[PDB]
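Colleague: Structure below; questions to follow.
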Amino acid sequence: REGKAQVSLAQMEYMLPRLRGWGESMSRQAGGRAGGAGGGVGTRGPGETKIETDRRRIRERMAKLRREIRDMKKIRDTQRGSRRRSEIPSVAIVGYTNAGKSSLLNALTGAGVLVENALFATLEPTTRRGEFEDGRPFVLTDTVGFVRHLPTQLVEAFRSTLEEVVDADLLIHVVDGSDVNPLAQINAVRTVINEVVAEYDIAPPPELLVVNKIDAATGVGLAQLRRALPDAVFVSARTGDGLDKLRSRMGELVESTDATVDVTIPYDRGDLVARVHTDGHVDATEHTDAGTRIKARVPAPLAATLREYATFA
Amino acid sequence: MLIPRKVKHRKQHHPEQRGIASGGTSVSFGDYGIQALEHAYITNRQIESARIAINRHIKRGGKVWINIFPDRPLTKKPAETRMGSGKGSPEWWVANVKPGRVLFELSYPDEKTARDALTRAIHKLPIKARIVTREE
Amino acid sequence: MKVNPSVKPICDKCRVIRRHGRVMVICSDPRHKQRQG
Amino acid sequence: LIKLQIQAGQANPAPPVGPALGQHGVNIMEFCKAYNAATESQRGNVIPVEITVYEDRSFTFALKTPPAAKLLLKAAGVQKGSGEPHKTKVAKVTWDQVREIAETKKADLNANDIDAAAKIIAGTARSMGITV
Amino acid sequence: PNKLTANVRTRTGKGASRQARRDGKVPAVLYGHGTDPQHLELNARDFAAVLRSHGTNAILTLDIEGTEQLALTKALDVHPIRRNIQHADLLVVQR
Amino acid sequence: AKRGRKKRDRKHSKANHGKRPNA
Amino acid sequence: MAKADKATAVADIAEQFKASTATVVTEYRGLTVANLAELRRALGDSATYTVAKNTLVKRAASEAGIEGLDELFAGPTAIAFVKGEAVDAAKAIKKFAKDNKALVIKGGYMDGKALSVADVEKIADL
RNA sequence: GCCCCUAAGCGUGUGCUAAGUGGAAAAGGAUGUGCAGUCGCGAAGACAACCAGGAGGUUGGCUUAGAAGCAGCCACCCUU
Ligand SMILES: Nc1nc2c(ncn2[C@@H]2O[C@H](COP(=O)(O)OP(=O)(O)CP(=O)(O)O)[C@@H](O)[C@H]2O)c(=O)[nH]1
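Residue numbers (the authors' numbering), protein chains in the order written: chain 4, 158 to 470; chain N, 1 to 136; chain f, 1 to 37; chain J, 10 to 141; chain W, 8 to 102; chain 3, 2 to 24; chain I, 1 to 126.
Structural data, given as structure tokens:
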């Protein structure tokens with residue numbers, strides 16, 4: 158429902174300048190052509206109206222759509238509050254479309270999102286849980302898709318994407334390795350990143366780099382030339398090759414807000430042992446006479462909990 | 001969706017919504033059918049909605065039989081126009097369902113799941129309906 | 001409280017009752033506390 | 010009070026015992042070394058004990074033997090149990106020897122019926138999912 | 008076996024048939040190689056009972072007027088809306 | 002739509018036998 | 001009880017009633033499985049104690065042909081119906097009322113032909 | 001049309017409604033109530049209720065630091 162209003166608003170805002178002439182031209186041409194569009198309905202509906210024609214009607218529907226999009230932002234803030242309050246470490250996956258942006262999120266975690274071959278299909282951001290291989294959990298978000306000279310009426314349809322980009326720690330621009338000029342996508346994606354960090358002033362987040370579809374690539378560089386951006390990980394989502402290296406380096410590059418301490422716990426208070434073993438990601442220990450030499454990257458709630466039962470060894 | 005490939009006459013009169021059905025009042029292809037108890041013009045979009053709901057509830061097994069076909073064209077005068085100056089262009093495809101006619105049939109091994117799928121499809125239709133079974 | 005024209009059981013422990021001329025789903029879980037209009 | 014099946018290991022076992030005994034009150038060393046004295050005769054499988062705490066220092070030891078549910082597992086050479094119980098059977102054991110060596114474990118079974126207690130043991134084995 | 012009881016019809020037509028159906032009496036015709044159409048009004052709900060118990064391919068006893076005649080149902084007539092038995096065709100059977 | 006709805010329900014009456022002028 | 005399944009157990013208990021030698025109509029209240037199984041293994045096959053539905057067993061003991069102890073089926077009757085012995089197999093059976101404090105024997109009638117409120121403290125005990 | 005306004009029944013005989021329904025309304029929701037069925041259980045005591053037991057192999061196994069009926073998996077057995 159959100160998309161069927163944003164797309165319609167974008168089409169109305171693109172067609173409003175060009176009403177006379179062209180607009181009446183597709184008013185005359187009503188067969189469901191390429192310009193026939195359809196709005197968010199897709200299966201015509203307002204497709205028989207295409208982008209509408211009347212400026213009065215366009216203006217009215219535009220005002221209603223503005224109000225509705227206003228509502229579906231105080232909906233989205235509510236839906237994201239739980240993540241915000243818990244401050245789970247968020248990782249987002251951006252890049253050019255058809256660059257394995259959804260296959261990666263179906264690969265690292267068994268999400269199961271649509272992976273159609275065509276262009277922009279994951280048009281609504283979806284996020285899924287995940288565990289960094291060694292320690293902390295995380296959340297993973299795949300975005301919509303970027304294009305060279307992106308339309309200027311689609312920024313609202315991309316607004317939720319932009320919000321996910323800003324509210325992130327590790328940004329991931331996935332580049333389609335087996336494609337001509339694997340850098341043209343990169344410059345456009347980066348430029349989108351700068352306009353985002355400018356429109357919403359924030360410290361830019363680290364940008365993790367991954368080259369995808371290198372299984373079918375003919376090595377366009379086949380060398381440090383293939384290291385056209387030398388910092389990157391060459392994953393193959395179709396085969397799951399760099400998953401281990403990606404799953405390792407992505408966590409190591411997210412930064413840890415833990416608190417590694419060494420604490421001992423007398424057996425009576427096994428509650429603390431269980432809480433460290435289920436919340437804190439203990440490295441290891443030896444099972445001591447009365448307690449344990451637990452070396453756990455314990456978090457803030459339990460940091461002061463385990464301060465009393467500390468140890469010096 | 002569903003559409004006739006060719007129609008002899010594109011602009012027709014309105015289908016007659018009178019009398020109970022005379023043919024198609026029985027489950028003949030499946031095991032559970034959705035009979036109709038009211039008169040309705042059931043459009044192709046409603047048929048696709050019901051079909052998708054049925055095919056997504058069971059989601060694996062059994063066939064779905066859509067007896068009716070939306071071949072009658074319904075026209076629509078263009079907006080903000082005064083009355084007159086010819087009949088409008090075709091806009092809707094309808095099937096002139098009649099009470100007693102079975103609109104959908106289904107055959108799934110699990111009986112209650114099929115019953116619930118038919119219930120979940122009845123909600124997409126503009127009229128009353130009931131679950132009818134091949135075992136009379 | 002969920003004032004909807006359609007009130008249904010949602011979980012295994014929802015009971016539908018007629019109280020003061022109104023249909024209510026009373027459940028141990030407060031999230032399922034639904035009252036018909 | 011606790012029918013804990015303390016492991017047969019006579020080489021440094023409290024941590025495993027220390028939790029289960031520090032949630033209550035019993036001498037850790039006394040309990041450990043008395044169970045270790047029992048294991049001096051019981052090195053097969055760690056025999057079970059029911060420590061009967063009343064208010065302090067229960068000092069009670071009764072034997073119920075360790076992997077009865079898998080005495081068959083222990084006395085076949087096959088380990089890891091069976092992670093696919095009845096999906097496919099895992100391992101091979103002898104059908105006569107279960108009926109025979111059910112004698113040792115019949116000391117705490119339900120009934121004295123021979124073939125039926127053998128079926129008890131066959132049930133505990135087939136719980137893994139294995140042929141016997 | 009099925010032991011149905013049948014009665015002949017004194018009035019035929021639309022009005023009489025609806026009146027018979029209003030009193031739980033499904034009208035029926037007895038015909039076959041007997042070469043004589045017998046207009047019968049069969050009491051209802053027991054016709055339905057035997058049809059559900061055995062099926063259409065059954066053998067109705069049909070004690071008409073104290074005279075037994077074995078028959079088999081050949082053609083029914085259910086209303087599409089109010090599923091009932093509007094009329095049943097009975098084929099004569101001679102032993 | 003209250004006014005027209007009332008003026009149309011007015012026909013459903015014993016004395017009017019279910020049909021009124023301008024119904 | 002179970003209209004079809006009832007008669008099978010009624011007949012089984014009845015035939016064991018007429019086959020046996022005596023009766024002790026007893027109270028099984030509060031019998032935790034431990035002590036109850038200790039009893040089942042103490043008397044063993046002889047007097048094989050197994051509770052049966054009192055309402056049905058009234059007709060079951062009559063199915064065997066005998067009456068009597070049927071009079072006092074009020075409460076949760078428990079039956080042993082000793083197989084071979086009379087005195088030596090009833091000592092512990094009666095004295096479980098002293099040891100476990102359970103199995104107070106209402107009794108009332110021996111073998112189906114001899115009434116006695118002393119059903120246990122009779123020859124069965126002495 | 002017949003309780004008063006307002007002429008004539010606060011009629012008689014059987015039932016139903018608690019909503020002022022009567023004295024506006026839909027998809028749909030619903031332990032409202034009556035009537036006619038059918039099917040299951042049950043005086044060998046059913047259903048509710050109260051008093052007891054509710055066992056052992058056993059903590060079934062895998063799993064995990066740990067999962068012992070009750071993270072979660074397979075089986076979903078053996079005896080009394
Ligand atoms: N051969 C091969 N194909 C891949 C690889 N990674 C992704 N693809 C292909 O990319 C295609 C596009 O699917 P998707 O994963 O959605 O790419 P995308 O970038 O997310 C397209 P969108 O942005 O609209 O979600 C898929 O058909 C998938 O098969 C890879 O490593 N090797």
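C-beta: ideal position from N, C-alpha, C; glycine also.
Closer than 6 angstroms between the C-beta and any heavy atom of ligand 1: which residues qualify, listed along the chain?
Modeller: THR254 (chain 4), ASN255 (chain 4), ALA256 (chain 4), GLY257 (chain 4), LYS258 (chain 4), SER259 (chain 4), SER260 (chain 4), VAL272 (chain 4), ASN274 (chain 4), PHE277 (chain 4), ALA278 (chain 4), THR279 (chain 4), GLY302 (chain 4), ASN369 (chain 4), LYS370 (chain 4), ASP372 (chain 4), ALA373 (chain 4), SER393 (chain 4), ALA394 (chain 4) and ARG395 (chain 4)
Colleague: Between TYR253 (chain 4) and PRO282 (chain 4), what straight-line distance do the alpha-carbon atoms span, to the nearest angstrom?
Modeller: In the first sequence, counting from the first residue as 1, residue 253 (chain 4) sits at position 96. In the first sequence, counting from the first residue as 1, residue 282 (chain 4) sits at position 125. Approximately 14 angstroms, taken between the alpha carbons.
Colleague: How big is the Cα-Cα spacing for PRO22 (chain 3) and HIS39 (chain N)?
Modeller: Position 21 of the sixth sequence holds residue 22 (chain 3). Position 39 of the second sequence holds residue 39 (chain N). The straight-line gap from Cα to Cα measures roughly 28 angstroms.
Colleague: For a cutoff of 9 angstroms on Cβ pairs, would you count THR449 (chain 4) as touching chain J?
Modeller: Position 292 of the first sequence, counting from 1, holds the residue named residue 449 (chain 4). Interface residue, yes.
Colleague: According to DSSP, simplified to helix, strand and coil, what is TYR38 (chain W)?
Modeller: Your numbering for residue 38 (chain W) matches position 31 in the fifth sequence. The answer is strand: DSSP assigns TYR38 (chain W) an E or B state.
Colleague: For chain W, find out if any of its Cβ atoms is closer than 9 angstroms to the Cβ of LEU37 (chain N); answer yes or no.
Modeller: Indexing the second sequence from 1 puts residue 37 (chain N) at position 37. Cβ-Cβ to chain W under 9 angstroms: yes for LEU37 (chain N).
Colleague: With 16 as the cutoff for other CB atoms within 10 Å, does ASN344 (chain 4) come out buried or exposed?
Modeller: The residue labelled residue 344 (chain 4) in the question sits at position 187 within the first sequence. With fewer than 16 Cβ atoms within 10 Å of its Cβ, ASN344 (chain 4) is classed as exposed.
Colleague: Give me the chain 4 residues within the contact set of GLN32 (chain J), using Cβ-Cβ distance strictly less than 8 angstroms, ordered along the chain.
Modeller: Indexing the fourth sequence from 1 puts residue 32 (chain J) at position 23. Annotation: Cβ neighbours of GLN32 (chain J) in chain 4 (cutoff 8 angstroms, chain order): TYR424, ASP425 and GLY427.
Colleague: May I have the straight-line CA-CA distance separating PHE17 (chain I) from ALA17 (chain J), to the nearest angstrom?
Modeller: Locating residue 17 (chain I) in the seventh sequence gives position 17, where the first residue counts as 1. Locating residue 17 (chain J) in the fourth sequence gives position 8, where the first residue counts as 1. Roughly 51 angstroms separates the two Cα atoms.
Colleague: Taking the Cβ atom as the reference point for each residue, do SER24 (chain W) and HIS86 (chain W) lie within a distance shorter than 9 angstroms?
Modeller: Along the fifth sequence, read from residue 1 onward, the residue named residue 24 (chain W) stands at position 17. Along the fifth sequence, read from residue 1 onward, the residue named residue 86 (chain W) stands at position 79. Not closer than 9 angstroms, so no.
Colleague: Among the residues of its own chain, which have a CB less than 8 angstroms from the CB of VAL117 (chain I), if the five just before and after it don't count?
Modeller: For the purposes of this step, residue 117 (chain I) is taken as residue 117 along the seventh sequence, with counting starting at 1. Taken in chain order, the residues that qualify are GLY107 and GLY108.
Colleague: Nearest by alpha-carbon distance to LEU429 (chain 4): which of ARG404 (chain 4), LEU173 (chain 4), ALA467 (chain 4) and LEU400 (chain 4) is it?
Modeller: Within the first sequence, residue 429 (chain 4) is the residue found at index 272, counting from 1. Minimum Cα distance to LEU429 (chain 4) is reached at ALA467 (chain 4).
Colleague: Any beta carbon of chain W sitting closer than 9 angstroms to that of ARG18 (chain N)?
Modeller: By 1-based counting over the second sequence, the position of residue 18 (chain N) is 18. Judged by the 9 angstroms Cβ criterion, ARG18 (chain N) is not in contact with chain W.
Colleague: Tell me whether the beta-carbon of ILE34 (chain N) lies closer than 9 angstroms to the beta-carbon of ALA95 (chain N).
Modeller: Here residue 34 (chain N) refers to the residue found at position 34 when the second sequence is read from its first residue. Here residue 95 (chain N) refers to the residue found at position 95 when the second sequence is read from its first residue. For the pair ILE34 (chain N) and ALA95 (chain N), the CB atoms are not nearer than the 9 angstroms cut-off.
Colleague: Between the Cα of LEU115 (chain I) and the Cα atoms of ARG40 (chain I), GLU67 (chain I), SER20 (chain I) and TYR28 (chain I), which residue gives the shortest distance?
Modeller: Your numbering for residue 115 (chain I) matches position 115 in the seventh sequence. The residue with the shortest Cα to Cα distance from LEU115 (chain I) is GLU67 (chain I).
Colleague: Using a Cβ cut-off of 9 angstroms (strictly closer), state whether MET83 (chain N) contacts chain 4.
Modeller: In the second sequence, the residue the question calls residue 83 (chain N) occupies position 83. No, because no Cβ of chain 4 sits closer than 9 angstroms to the Cβ of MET83 (chain N).
Colleague: Which same chain residues end up closer than 8 angstroms to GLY378 (chain 4) when comparing Cβ atoms and leaving out the 5 residues on each side of it in sequence?
Modeller: Here residue 378 (chain 4) is taken as the residue at index 221 of the first sequence, counted from 1. Closer than 8 angstroms at the Cβ level, and outside the excluded window around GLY378 (chain 4), lie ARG384 and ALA385.
Colleague: For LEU262 (chain 4), which residues of its own chain have a beta-carbon under 7 angstroms away from its beta-carbon, when the five flanking residues on both sides are left out?
Modeller: Along the first sequence, read from residue 1 onward, the residue named residue 262 (chain 4) stands at position 105. Only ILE250, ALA268, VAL270, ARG285, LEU297 and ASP299 meet the Cβ criterion.
Colleague: If you follow the beta strand (DSSP E) that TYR63 (chain J) is in, where does it begin and where does it stop?
Modeller: Position 54 of the fourth sequence holds residue 63 (chain J). Here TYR63 (chain J) belongs to no beta strand (DSSP E), and DSSP marks it neither H nor E.
Colleague: For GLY23 (chain N), name the three-state secondary structure that DSSP assigns.
Modeller: One-based indexing of the second sequence puts residue 23 (chain N) at position 23. In this structure, DSSP gives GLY23 (chain N) a state outside helix and strand, which the three-state scheme calls coil.
Colleague: Rounded to whole angstroms, what is the Cα-Cα separation between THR55 (chain I) and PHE73 (chain I)?
Modeller: Position 55 of the seventh sequence, counted from the start, is the residue given in the question as residue 55 (chain I). Position 73 of the seventh sequence, counted from the start, is the residue given in the question as residue 73 (chain I). Their Cα atoms are separated by approximately 8 angstroms.
Colleague: Taking only beta-carbon positions, decide if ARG134 (chain N) is within less than 9 angstroms of chain W.
Modeller: On the second sequence, residue 134 (chain N) is found 134 positions in, with the first residue counted as 1. Judged by the 9 angstroms Cβ criterion, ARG134 (chain N) is not in contact with chain W.
Colleague: Between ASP88 (chain I), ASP119 (chain I) and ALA102 (chain I), which lies nearest to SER46 (chain I) when the distance is taken from Cα to Cα?
Modeller: Indexing the seventh sequence from 1 puts residue 46 (chain I) at position 46. Among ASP88 (chain I), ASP119 (chain I) and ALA102 (chain I), the Cα nearest to that of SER46 (chain I) belongs to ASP88 (chain I).
Colleague: Considering just the uninterrupted stretch of the alpha helix (DSSP H) at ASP10 (chain 3), what are its terminal residues?
Modeller: In the sixth sequence, the residue the question calls residue 10 (chain 3) occupies position 9. In this chain, the alpha helix (DSSP H) harbouring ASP10 (chain 3) covers 3-10.
Colleague: What is the DSSP secondary structure of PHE289 (chain 4), counted as helix, strand or coil?
Modeller: Position 132 of the first sequence, counting from 1, holds the residue named residue 289 (chain 4). Here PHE289 (chain 4) sits in coil by DSSP.
Colleague: What are the complete beta strand (DSSP E) segments, minimum 3 residues, inside the segment 19-80 of chain N?
Modeller: 32-36, 40-43, 64-66 and 72-76
Colleague: Who are the near neighbours of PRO5 (chain f) in its chain, counting only those whose CB is closer than 8 angstroms to its CB and skipping five residues on each side?
Modeller: In the third sequence, residue 5 (chain f) corresponds to position 5, counting from 1. Excluding residues within five positions, the ones whose Cβ falls inside 8 angstroms are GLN36 and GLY37.
Colleague: Give me the subset of the segment 56-89 of chain W whose CB atoms are less than 7 angstroms from a CB atom of chain N, sorted by chain position.
Modeller: Within the segment 56-89 of chain W, contact with chain N at the beta-carbon level (separation under 7 angstroms) is assigned to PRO87 and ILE88.
Colleague: Compare the C-alpha of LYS402 (chain 4) against each of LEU366 (chain 4), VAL418 (chain 4), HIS444 (chain 4) and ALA374 (chain 4) and name the closest.
Modeller: Stepping through the first sequence from its first residue, residue 402 (chain 4) is reached at position 245. Ranking the options by Cα distance to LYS402 (chain 4), first place goes to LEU366 (chain 4).
Colleague: Tell me which residues of the segment 283-308 of chain 4 have at least one Cβ-Cβ distance to chain N shorter than 7 angstroms, keeping chain order.
Modeller: Listed in sequence order: no entries.
Colleague: Which value, in whole angstroms, describes the spacing of the CA atoms of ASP358 (chain 4) and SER393 (chain 4)?
Modeller: Walking along the first sequence from the start, residue 358 (chain 4) turns up at place 201. Walking along the first sequence from the start, residue 393 (chain 4) turns up at place 236. Roughly 34 angstroms between the two C-alpha positions.
Colleague: Where do the N-terminal and C-terminal ends of the beta strand (DSSP E) with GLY252 (chain 4) fall, by residue?
Modeller: Numbered from 1 along the first sequence, position 95 holds the residue referred to as residue 252 (chain 4). Where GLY252 (chain 4) is concerned, the enclosing beta strand (DSSP E) stretches over 247-252.
Colleague: Consider the Cβ of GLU273 (chain 4): report whether some Cβ of chain N lies at a distance smaller than 9 angstroms.
Modeller: Locating residue 273 (chain 4) in the first sequence gives position 116, counting from the first residue. It does not: the Cβ of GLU273 (chain 4) has no partner Cβ on chain N nearer than 9 angstroms.
Colleague: At 7 angstroms on the CB atoms, spell out the chain W contacts of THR25 (chain N), in chain order.
Modeller: For this step, residue 25 (chain N) is matched to residue 25 along the second sequence. Within 7 angstroms Cβ-Cβ: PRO87.
Colleague: Can you look up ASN23 (chain 3) in the DSSP assignment and give me helix, strand or coil?
Modeller: In the sixth sequence, the residue the question calls residue 23 (chain 3) occupies position 22. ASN23 (chain 3) falls in the coil class under three-state DSSP.
Colleague: I need the straight-line Cα distance from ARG90 (chain W) to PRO34 (chain W), nearest angstrom please.
Modeller: Position 83 of the fifth sequence, counted from the first residue, corresponds to residue 90 (chain W). Position 27 of the fifth sequence, counted from the first residue, corresponds to residue 34 (chain W). Approximately 15 angstroms between the Cα atoms of the pair.
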